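Undergrad: Please see the structure below; I have some questions.
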Ligand SMILES: Nc1nc2c(ncn2[C@@H]2O[C@H](COP(=O)(O)OP(=O)(O)O)[C@@H](O)[C@H]2O)c(=O)[nH]1
Ligand SMILES: *CCC(=O)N1CCN(C(=O)CNc2ccc(Br)cc2C)CC1
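Residue numbers (our numbering): -19 to 136.
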């Protein structure tokens, strides 16, 4: 009776992909599944489980929506976003794939990527940007819920 969405969290190593997922589900900071209610509608999210790692194309292809995560104190991680977005476009064979740009570790003061640079990038890609902290939970439900909204809009 309930929609199920396969979400992929992608980004450079140590940007907080795992921590974001654990925060979402367990509300704690040290596939995975969670049911959420968004706009009145219950959905089951299935979040599929070194500088950076390249992910299997077949794995990427199973995602219905993607969080593109970088860490706001890691400029190299922000550089990687382009490559992950290009991989998603390639494997999904579409310029229009549900995605959100996520700038993580917003609780840290050592910032090297300005909110405005990321805002401008996300505008160029035509996607929402959300600053998050896996540590404080700031932004976390917003990132995932916004992604589900993107998926639902795309399906309509
Ligand atoms: N301060 C802070 N540290 C974070 C945040 N998210 C992740 N970390 C830390 O960053 C490191 C890498 O996080 P991890 O989830 O393993 O990154 P992944 O490789 O992208 O899955 C760990 O030491 C985490 O505790 C966050 O929002 N704030
Ligand atoms: C900073 C992030 C970055 O430079 N990249 C580029 C490499 N990459 C890929 O995902 C592309 N490589 C890839 C993927 C699947 C298969 Br099958 C084979 C290959 C070579 C990670 C992001």
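By construction, the Cβ of each residue, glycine as well, lies at the ideal position given by its N, Cα and C atoms.
Is residue 134 near ligand 2 - that is, is its Cβ less than 7 Å away from at least one heavy atom of it?
TA: Counting from one through the chain shown, the residue named residue 134 turns up at place 154. Not so, every heavy atom of ligand 2 lies at least 7 Å from the Cβ.
Undergrad: Assuming contact is defined by CB atoms lying nearer than 8 Å, are residue -4 and residue 85 in contact in what I supplied?
TA: Counting from 1 along the chain shown, the entry for residue -4 is found at position 16. Counting from 1 along the chain shown, the entry for residue 85 is found at position 105. Yes, the pair counts as a contact, with Cβ atoms nearer than the cut-off.
Undergrad: Closer than 7 Å to a non-hydrogen atom of ligand 2 - does that hold for the CB of residue 123?
TA: As a first step, residue 123 is located in the chain shown; it is residue number 143 there, counting from the start. No - ligand 2 has no heavy atom lying nearer than 7 Å to the Cβ of residue 123.
Undergrad: Specify whether the region 121 to 129 and the region 40 to 58 touch according to this definition: at least 3 beta carbon pairs, one from each stretch, less than 8 Å apart.
TA: The region 121 to 129 vs the region 40 to 58: in contact.
Undergrad: Which residues does DSSP pair with residue 79 in a beta bridge?
TA: Counting from 1 along the chain shown, the entry for residue 79 is found at position 99. 46.
Undergrad: Cutting at 6 Å between CB atoms, please list the residues of its own chain near residue -18, excluding the five before and the five after it.
TA: The sequence position of residue -18 within the chain shown is 2, counting from 1. If we look at residue -18 and ignore the five residues flanking it on each side, its Cβ neighbours are 22, 24.
Undergrad: With contact counted as at least three CB pairs below 8 Å, one residue from each stretch, are the region -4 to 7 and the region 105 to 115 in contact?
TA: Touching, per the Cβ criterion.
Undergrad: Pull up the CB-CB distance for residue 61 and residue 81, whole angstroms please, since I reckon it's below 8 Å.
TA: In the chain shown, counting from the first residue as 1, residue 61 sits at position 81. In the chain shown, counting from the first residue as 1, residue 81 sits at position 101. Residue 61 to residue 81, Cβ: 7 Å. Contact.
Undergrad: Rounded to a whole number of angstroms, what is the C-alpha to C-alpha distance between residue 104 and residue 31?
TA: As a working note, residue 104 is residue 124 in the chain shown. As a working note, residue 31 is residue 51 in the chain shown. Cα to Cα, residue 104 sits roughly 25 Å from residue 31.
Undergrad: Quick check on residue 138: does DSSP put it in helix, strand or coil?
TA: Missing from the structure shown is residue 138; the chain here goes from -19 to 136 and no further.
Undergrad: Could you give the distance in angstroms between the alpha-carbon of residue 19 and the alpha-carbon of residue 27?
TA: The residue you call residue 19 lines up with position 39 of the chain shown. The residue you call residue 27 lines up with position 47 of the chain shown. Their backbone Cα atoms lie some 20 Å apart in a straight line.
Undergrad: In terms of residue numbering, what span does the alpha helix (DSSP H) encompassing residue 100 cover?
TA: Within the chain shown, numbered from 1, the residue matching residue 100 stands at position 120. Looking at the DSSP string, the run of the alpha helix (DSSP H) that includes residue 100 is 95 to 105.
Undergrad: Rank 97, 76, 95, 109 by C-alpha distance to the C-alpha of residue 134 and give the top, closest one.
TA: To locate residue 134, count along the chain shown from 1; it is residue 154. Of the listed residues, the one whose Cα sits closest to residue 134 is 76.
Undergrad: Check whether the Cβ of residue 28 sits closer than 7 Å to any heavy atom of ligand 1, and report yes or no.
TA: Counted from its first residue, the chain shown places residue 28 at position 48. The answer is no for residue 28.
Undergrad: Is it buried or exposed, residue 130, if we count other Cβ atoms within 10 angstroms and call 16 or more buried?
TA: Here residue 130 refers to the residue found at position 150 when the chain shown is read from its first residue. When all chains shown are included, residue 130 counts as buried.
Undergrad: If you reduce the DSSP assignment to three classes, tell me which class residue -2 lands in.
TA: Taking the chain shown and counting its residues from 1, one reaches residue -2 at position 18. Residue state, collapsed to three classes: helix.
Undergrad: Could you tell me which of 97, -12, 42, -16 sits nearest to residue 16, measuring between CA atoms?
TA: Numbered from its first residue, the chain shown carries residue 16 at position 36. It is -16.
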